[PDB]
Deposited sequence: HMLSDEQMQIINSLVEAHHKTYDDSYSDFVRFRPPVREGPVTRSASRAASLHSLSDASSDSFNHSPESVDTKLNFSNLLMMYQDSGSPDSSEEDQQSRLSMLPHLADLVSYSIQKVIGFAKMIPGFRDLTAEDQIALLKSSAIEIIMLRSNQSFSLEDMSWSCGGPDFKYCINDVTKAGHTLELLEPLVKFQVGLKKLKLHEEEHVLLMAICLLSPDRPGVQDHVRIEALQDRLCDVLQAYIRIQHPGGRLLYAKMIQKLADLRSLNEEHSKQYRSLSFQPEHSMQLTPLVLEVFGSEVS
């Protein structure tokens, strides 16, 4: 069959919004506190994550229907899904080739180890790399990747949300476009949609596992002091 204009105008919006919030050359990474290989990578990664939270917010604002939600629900979705969106968008810098996010020379190349000198057991980093590898293998078109992020950011099932029915609607519409698109434009994608949805579940686990780790980190002032105001807020529970 074939897509309608409305859906297509959504694709344009997300693909463009993402382009506007993701630099494939990672040139701003030098404005961060330099990396260092008790949690020497923390200052750097705190800046990396904070930088990205700002970017995720830019992408969310341009997600159709999202800005017409109440500050509370927007904030609700942002707070709860942030870390997830960070994990998805990160995929574009990931590399099965060397199992790591490559955003520069030796400096901005993040190995599994680096995230350890940032306050995270190795046993938890494991499921991350598995996710990155799995996600990367789906070889998503940029239209599918940008959709998947919108869908995730619009999960009605987030602690803090109110109008869970309106969010439910927006996400359902985004889910249609993704299915409709994979059909009309993605060959051999008969079982991709299912796979993409599955990815969201994993994000949930990773999300929760991070919560627990970040919770400990934060309760320790000599470490939470390394974080940035924005991160402390988005991941804090002052809600």
Absent from the model, numbered along the deposited sequence, are 38-97, 300
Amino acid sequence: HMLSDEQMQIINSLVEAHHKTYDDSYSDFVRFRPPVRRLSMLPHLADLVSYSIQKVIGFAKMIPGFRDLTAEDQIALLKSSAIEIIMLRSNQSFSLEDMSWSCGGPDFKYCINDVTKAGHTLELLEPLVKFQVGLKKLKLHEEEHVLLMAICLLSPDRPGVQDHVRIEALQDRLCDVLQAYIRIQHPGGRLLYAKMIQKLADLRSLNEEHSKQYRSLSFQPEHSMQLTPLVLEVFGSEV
From here on, numbers count along this sequence of modelled residues.
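In this text, the rigid core denotes the largest set of C-alpha atoms whose superposition between the two forms falls within 1.5 Å.
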Quick one: with the core lined up, is it 179-187 or 62-70 that wanders further in 9 other deposited structures of this protein, going by C-alpha RMS? 179-187
Using RMS Cα distance over all structures and residues, flag whichever of 22-30 and 52-60 lies farther from this form in 9 other deposited structures of this protein after a core fit. 22-30
Of the two stretches 126-134 and 147-155, which shows the higher Cα B-factor on average in the entry? 126-134
Where do the C-alpha atoms have the higher mean temperature factor in this entry, in 109-117 or in 75-83? 109-117
When the modelled residues of the chain are sorted by Cα temperature factor, does residue 140 land in the lowest, middle or highest third? middle
Ranked C-alpha temperature factor of residue 169 among modelled chain residues, by third: middle
Third assignment of residue 55 from its chain's C-alpha B-factors: lowest
Can you tell me whether residue 66 has a C-alpha B-factor in the lowest, middle or highest third compared with the other modelled residues of the same chain? middle
State the tercile, meaning the lowest, middle or highest third, of residue 225 with respect to the CA B-factors recorded for its chain. lowest
